[PDB]
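A.B. asks: Mind folding the following:
(chains A, B, C, D, E, F, G and H, ligands or ions: 5)
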Amino acid sequence: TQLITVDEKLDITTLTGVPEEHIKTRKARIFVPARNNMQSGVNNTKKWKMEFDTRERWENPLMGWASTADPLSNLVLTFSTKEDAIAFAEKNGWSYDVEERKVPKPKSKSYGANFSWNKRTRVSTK
Amino acid sequence: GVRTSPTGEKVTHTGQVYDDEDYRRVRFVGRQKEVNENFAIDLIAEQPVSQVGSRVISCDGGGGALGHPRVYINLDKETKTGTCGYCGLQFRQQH
Amino acid sequence: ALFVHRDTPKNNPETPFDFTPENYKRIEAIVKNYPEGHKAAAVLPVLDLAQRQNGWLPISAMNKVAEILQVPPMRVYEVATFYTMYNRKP
Amino acid sequence: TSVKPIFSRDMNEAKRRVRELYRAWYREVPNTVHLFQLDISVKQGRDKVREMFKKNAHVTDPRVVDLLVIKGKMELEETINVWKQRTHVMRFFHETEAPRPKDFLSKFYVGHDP
Amino acid sequence: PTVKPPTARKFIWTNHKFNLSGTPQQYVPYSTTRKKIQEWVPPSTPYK
Amino acid sequence: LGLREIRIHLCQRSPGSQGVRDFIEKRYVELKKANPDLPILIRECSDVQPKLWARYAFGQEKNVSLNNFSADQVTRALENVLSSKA
Amino acid sequence: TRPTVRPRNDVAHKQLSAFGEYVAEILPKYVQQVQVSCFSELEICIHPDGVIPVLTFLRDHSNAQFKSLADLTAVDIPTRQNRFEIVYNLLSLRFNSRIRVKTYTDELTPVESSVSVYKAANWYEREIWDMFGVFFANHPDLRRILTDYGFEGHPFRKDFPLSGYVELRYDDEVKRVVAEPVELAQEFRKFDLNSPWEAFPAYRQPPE
Amino acid sequence: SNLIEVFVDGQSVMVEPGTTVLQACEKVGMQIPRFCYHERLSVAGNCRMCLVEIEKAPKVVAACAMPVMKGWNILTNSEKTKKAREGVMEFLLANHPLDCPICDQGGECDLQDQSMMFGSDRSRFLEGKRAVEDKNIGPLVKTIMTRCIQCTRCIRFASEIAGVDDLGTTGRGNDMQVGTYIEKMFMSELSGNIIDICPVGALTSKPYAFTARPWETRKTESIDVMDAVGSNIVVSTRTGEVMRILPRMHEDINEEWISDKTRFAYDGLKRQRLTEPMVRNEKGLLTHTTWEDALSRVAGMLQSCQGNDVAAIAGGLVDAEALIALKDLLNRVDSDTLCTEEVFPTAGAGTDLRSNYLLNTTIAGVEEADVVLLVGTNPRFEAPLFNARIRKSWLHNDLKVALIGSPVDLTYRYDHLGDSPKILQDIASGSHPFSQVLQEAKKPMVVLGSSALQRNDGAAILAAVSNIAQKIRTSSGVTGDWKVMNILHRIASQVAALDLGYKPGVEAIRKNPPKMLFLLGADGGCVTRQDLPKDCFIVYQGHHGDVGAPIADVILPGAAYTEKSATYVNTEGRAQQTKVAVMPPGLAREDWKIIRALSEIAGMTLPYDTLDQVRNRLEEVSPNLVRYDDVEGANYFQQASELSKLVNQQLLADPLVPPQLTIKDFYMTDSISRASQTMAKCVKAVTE
Ligand code: SF4
Ligand code: SF4
Ligand code: FES
Ligand SMILES: [K+]
Ligand SMILES: [Zn+2]
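C.D. replies: Numbers count the residues shown, from 1 in each chain, chains lettered A, B, ... in the order given. Ligands and ions are numbered 1, 2, ... in the order given. The structure is reproduced below:
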């Protein structure tokens, strides 16, 4: 036979060594990251990301540095699809919320519309 | 151009001084608060405005490659001098 | 040789400029050369008319041309700085 | 849904391996308290062993409990052979860690953590 | 520097100091920035 | 002590909410005229099962499933809610 | 393209492509992909049931003789359902060549240990147990090799954080080094460095 | 279909006729480099960075402007495409100043990035550069015009989206300068988006200036609460401190823009902040105290209340979690008196049906309308991106807009029908000429401002506007899927408070005044201690000490919108959630956490412990508050119209005047904007 049948839900939380506070109180966010509106490039909107809820950052008394007690504060995971990210979050016992991919809708562009005879879409300058 | 708070603590060129009721002054007790007393905002105000006969001037901060990236400053405003964004030296068109 | 305006006491938006009535009849004749809905097409002659009455263009001729043609004043400033005949200095 | 096993074909062989690992830890706790010269009792160390076994008691996947038995055997091998020091044995007893706020109200008082 | 002297600057220390660690003149670190969040100060007058 | 608000959750499109929709299209106006100072919050949503929430005095809420009811069954459940006031 | 561009080696590319065809047709039971990179390195991507038959082939076949195990490696790629990519780097001293054998596993499927092929693997896959959590079946002494003795978790997994979950200090009350949950006086500052402009059009993935 | 076949690098793709070369390459996932093209601006075609080879054509074409012909093979990576890109990048960098270390655009600069990606690695320019005089266009946009690459995104934005026509190009040739030509101050409500679309550091944020740098910023995706539009934003933080607020692209809300209040009011979020619980001492002064003492002193008074003895006013910035928190808490005391500051008329259906207080069409449905009637609103300042969507429909769909109210500037031309409300009775009777315009319209849209409902005849105004909408929809050529009746809200907390069942307006408190009053962020000054009895126990819960905090007995320091994961519902009914960007300062806590802790101190503990359990309660009260980025359609306009015909409320003779006539009244509306030094500089800049 050399193969067994496991119908149970895949759960590896007891094997990952993560303490329980950072399993059951964290909210993973699964999302395609929004485009930086400072830039027109879209190559950072191609993949899915999993981040976690931001915890407390406080002031270091000595230097004023940003101290944290969150181990997952810098953990950003990359996924090719939404379903891979959902399967990875469910596998690790992380409660998650998923935002859908926001694509820009197709625009109707016409350079001749800048110089219409009777429409408001005439440019007053160029 | 250093000054002193009413607690006796020196104010840095940033403007940092601890409050009177701030406990973190205890780190200077028996020790010193290291401040630099050469405030760069006061020293660049001591430099005279360079009168040039051009409309656009270039500044690299002196020393050529030992200065900053060479930038070009327009001098069309006669109300305001033209200040270098790197070194703070300021220029005026003499006409 | 500059393409910004600074308000001087002899060139400001309160400098007195107004067309003569015969120049208003000439402006009406200019505006009637263009289709209805394209009165902005009379920016270049009328502004030049403001240069033929005054000799040059303070920024009240530009504002008056913008006012009587119902175009924004920036769209008259663009024309007055684009074309090399419009004397923006006396 | 047809996966390759590690050691156990089902959950009964898996519970057998869990049970033998618990027997081995139960036998080892007095020797561990003696040779590491721990300040705990044998009853307290056996309660910690029972706590660590009951922490994983919800698992129904045979491969996951096979890996839990494998990791428990590794911890036991590091304990029987003196590879752990006293500090590694006492890390199961979080003694210097202050008790966390449990209810809603004390977690509200101390900070922002849910 | 007797032969080739260093370039004079108004900001270079005229008095060199040695390692001052272990003395009352030693460096003590501190945050050089100001307070980020301004708190609301309640009014000093009563509310009746 | 008495009823404080009524909440009716329903779908816009599901057939199980259909009788509930048939309650609001026909019988809600005279219901609101009969109970002018009672908030009867109709909340439509995308895929919810029909539901009748009755909040009473001191925060007590009863919960009645309105799934696959006719308009007469919604009327009878809602008038049981109005006449109970428990 | 002479001075600044790396020169392409077409002879080694053709030879490694022919040998990849050779391996793929001798062992079609396990070989899934064969690829040769543009800098002429051969990768044989296999099914994990053929760890022992492929590696014993490359070690013992007269046209392969990959006697040296240079390195054994896992790579964590969490978007794959078999997230761990087990990488064997082999050296043939006879034919002066290198080959890469790649396979895959998830957290729960054991990979067969290759200590019976290369004894060099004994620590490497042991490291793969310590760093990634991949269990190797029929390993002689499989245990941790690099982490601390009571260490929980597998650090080179990409969902394991950079600083861990615990940190050590000496506590003078208990006269002992103790483990506590990690607090950093300065948080590691995450830098978002990726440009939003495409760098390499040759590697463009086809869209949805 | 009439799709034509074109080729991008040999790959076939079927495109609509009129598709540009750039869009055809976008359909196969290739982004052509650009500087002047922007997909929400008109096509300029003057940076020439998008020049691409079409094969069997001996001339590169401008891909942003050139429509594809059938059978073109677009060569995005060919040799002369790359040479065209390198030459154009060389000309862009010839006169560009060496300012990257002192420029705020560095790291998020399009010119830097596609100089790295598509330009050469070195310079051949052996001359002196031009240097351009800087302009002064206001306290928001720092202007360093030597960095300008003359892409005219400035001018197209200010002309087409902002509707301003004050930016332009003066001069000619290399001396061509983008500016205003005069000392003129570009202060729109949307003036900060030219910082976004400027590809270079020529237009930067003056408040954000020099402080941070994009690679070290953490990006938290969140929601605006400065109005009821619900603009999606990025709060960019750095080391636990909010650095700036950028837009997120949401095609149906804020397309990629935000208002200047949204963009720049975040520095009010670090002034005047409530950081510790305060109670009144023996002298009657607010002194700092612990959470135990403050919650005990509130809960001891809450246990002595019952019925109308305790009430609550919700402010403008309150999330739905704290709203249902305080609602459940006061319902444990058997109090239904939970009010909002913004008055919605409860006559007829009231807040029972969702449709009579929503923007039922949508923000996006403005693009489907052909006639818009604005009643009693100034949507330029009440909901600036709703006004931007109206201007986009005006510009591209030839939308007819009419206004009943004071003749405010809306940045487009409308038909001002007059400011008297009796015109609403003339349109509903057909005697008015715009009534026939509404009858012959196919997709009409009637938008009643919620600021017009603040009048004493707000029920009569709502009844007249609903009468117009139901005269149209039941009789004229409206399909039935189309929603005519719309209400534009201006308060971010309002729609979630109406969905949860609050009583809008504070008339329930003026009717019978309580001996205990909660103020969740209530800074509108709607109820002061002259309206309360002799010693009313006022509890202010909020994040700023502005209006309600100096008169309070106990202050409960709460979280702001950047400081909590929090549900807000916009004017169209779309529920959205913020995310935690930073934590609240000091001893301040999340708002429903405070109310739940108070309920546990008072012995009336609410059945939730985590945020998910609050959202389960929130789903129990109305299940659309937890379906995020979903507009749930609300039916039953006929039943609300039949209920509105019961009481004949009379229209007042006072004209419809919105409270915000000019840009002066825009910048300070809530407690965060009033605490903002940037908004104060904006007010001082527009009043001079
Ligand atoms: S705009 Fe871009 S290229 Fe120009 S100085 Fe700024 S960062 Fe550098
Ligand atoms: S300032 Fe910026 S947006 Fe305006 S034309 Fe120049 S480069 Fe373009
Ligand atoms: S992008 Fe087409 S020319 Fe500027
Ligand atoms: K910019
Ligand atoms: Zn300089």
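
A.B. asks: Contact partners for residue H:242?
C.D. replies: H:235-236, H:266, H:269-270, H:562, H:581-582 (Cβ atoms under 8 Å, 6 or more residues apart in numbering or on different chains). Any C-beta I mention is one placed from the backbone N, CA and C, and that applies to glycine too.

A.B. asks: burial of the residue of chain E found nearest chain C, as a residue count?
C.D. replies: Nearest to chain C, among the residues of chain E, is residue E:34, at 37.3 Å (Cβ to the nearest Cβ). As a burial measure, residue E:34 scores 10 neighbours (other Cβ atoms under 10 Å in any protein chain shown).

A.B. asks: Do I have it right that it meets residue B:14?
C.D. replies: Yes - using Cβ atoms under 8 Å, residue E:34 makes contact with residue B:14 at a distance of 7.0 Å.

A.B. asks: Look up the closest residue to residue E:17, ignoring the ones flanking it.
C.D. replies: Distance criterion Cβ to Cβ, 6 or more residues apart in numbering or on different chains; nearest residue to residue E:17, sequence neighbours excluded, is residue E:25 at 7.7 Å.

A.B. asks: from what I can see the one you found touches residue B:32, true?
C.D. replies: Yes - using Cβ under 8 Å, residue E:25 makes contact with residue B:32 at a distance of 5.7 Å.

A.B. asks: Just give the nearest non-adjacent residue to residue H:561, would you?
C.D. replies: Closest to residue H:561 by Cβ to Cβ, 6+ apart is residue H:225, at 4.5 Å.

A.B. asks: what residues are up against the one you found?
C.D. replies: Listed by Cβ under 8 Å, 6+ apart, the contact set of residue H:225 reads H:317, H:492-493, H:561, H:568, H:578.

A.B. asks: Mark which of those are part of strands, please.
C.D. replies: Among those, the ones falling in strands (DSSP state E) are residue H:568.

A.B. asks: Please report how far residue G:194 lies from residue C:25.
C.D. replies: 66 Å (Cβ to Cβ, to the nearest Å).

A.B. asks: With residue H:157 instead?
C.D. replies: In this view, residue H:157 and residue C:25 are 40 Å apart by Cβ to Cβ.

A.B. asks: what's the answer for residue F:68, then?
C.D. replies: When distance is defined by Cβ to Cβ, residue F:68 is 82 Å away from residue C:25.

A.B. asks: Counting neighbours, go ahead and name the busier of these two.
C.D. replies: residue F:68 (15 against 11).

A.B. asks: contacting residues around the nearest residue to that one once chain neighbours are set aside?
C.D. replies: In space, and not counting its chain neighbours, residue F:68 is closest to residue F:16: 4.9 Å by Cβ to Cβ, 6+ apart. Counting by Cβ under 8 Å, 6+ apart, residue F:16 touches F:49-50, F:67-68.

A.B. asks: can you rerun that using 10 Å?
C.D. replies: If you count contacts by Cβ atoms under 10 Å, 6 or more residues apart in numbering or on different chains, residue F:16 has them with F:10, F:48-50, F:65-69.

A.B. asks: Name the nearest of those relative to residue H:83.
C.D. replies: Each of the contacts of residue F:16 was scored against residue H:83 by Cβ to Cβ, and residue F:48 proved nearest at 60.4 Å.

A.B. asks: Just the CA coordinates for the top helix by length along chain G, please, in CSV.
C.D. replies: Using DSSP state H to define each element, chain G has its longest helix at helix G:10-26. Provided in CSV are the C-alpha atoms of helix G:10-26 (Å, rounded to 0.1, in the frame of the first residue of the first chain):
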residue,chain,number,x,y,z
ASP,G,10,27.9,27.2,-25.5
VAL,G,11,30.0,24.1,-25.5
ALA,G,12,29.3,23.3,-21.8
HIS,G,13,25.7,24.3,-22.4
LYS,G,14,25.3,21.8,-25.2
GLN,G,15,27.2,19.0,-23.3
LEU,G,16,25.0,19.5,-20.2
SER,G,17,21.9,19.6,-22.3
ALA,G,18,22.9,16.2,-23.8
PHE,G,19,23.7,14.7,-20.5
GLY,G,20,20.4,16.0,-19.1
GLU,G,21,18.6,14.2,-21.9
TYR,G,22,20.7,11.2,-21.1
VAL,G,23,19.7,11.2,-17.4
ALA,G,24,16.0,12.0,-18.2
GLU,G,25,15.7,9.0,-20.6
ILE,G,26,17.7,6.5,-18.4
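
A.B. asks: picking up where we left off before, what about residue E:25 and residue B:32, which has more around it?
C.D. replies: Legend: neighbour count by other Cβ under 10 Å for residue E:25 and residue B:32, higher for residue B:32 (14 against 11).

A.B. asks: quick one: the more buried one and residue B:10 touch, right?
C.D. replies: Yes - when contacts are counted by Cβ atoms under 10 Å, residue B:32 is listed as touching residue B:10 (9.4 Å).

A.B. asks: So which residues of chain C form helices?
C.D. replies: Using DSSP H, helices in chain C cover C:21-31, C:43-54, C:61-68, C:73-82.

A.B. asks: For these, could you give me a markdown table that also reports distance to chain G?
C.D. replies: A markdown table is the format used below for the helices of chain C (distance: least, Cβ to the nearest Cβ, whole Å):
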| stretch | distance to chain G |
| --- | --- |
| helix C:21-31 | 49 |
| helix C:43-54 | 40 |
| helix C:61-68 | 41 |
| helix C:73-82 | 33 |
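
A.B. asks: and of these, who's closest to ligand 5?
C.D. replies: helix C:73-82 (31.0 Å; Cβ to the ion).

A.B. asks: List the contacts of the residue in chain F that ligand 5 sits nearest to.
C.D. replies: Going by Cβ to the ion, ligand 5 is nearest to residue F:46 of chain F, at 62.2 Å. Residue F:46 makes contact with F:11-14, H:623-624, H:627, H:630-633 under the criterion Cβ under 10 Å, 6+ apart.

A.B. asks: Just the buried residues of the residues you listed.
C.D. replies: Buried members of the contacts of residue F:46, counted by 16 or more other Cβ atoms under 10 Å in any protein chain shown: F:11, F:14, H:623-624, H:627, H:631-633.

A.B. asks: List the buried residues in stretch H:292-311.
C.D. replies: Judged by neighbour count using 16+ other Cβ under 10 Å, the buried positions of stretch H:292-311 are H:294-299, H:301-302, H:305, H:308-311.
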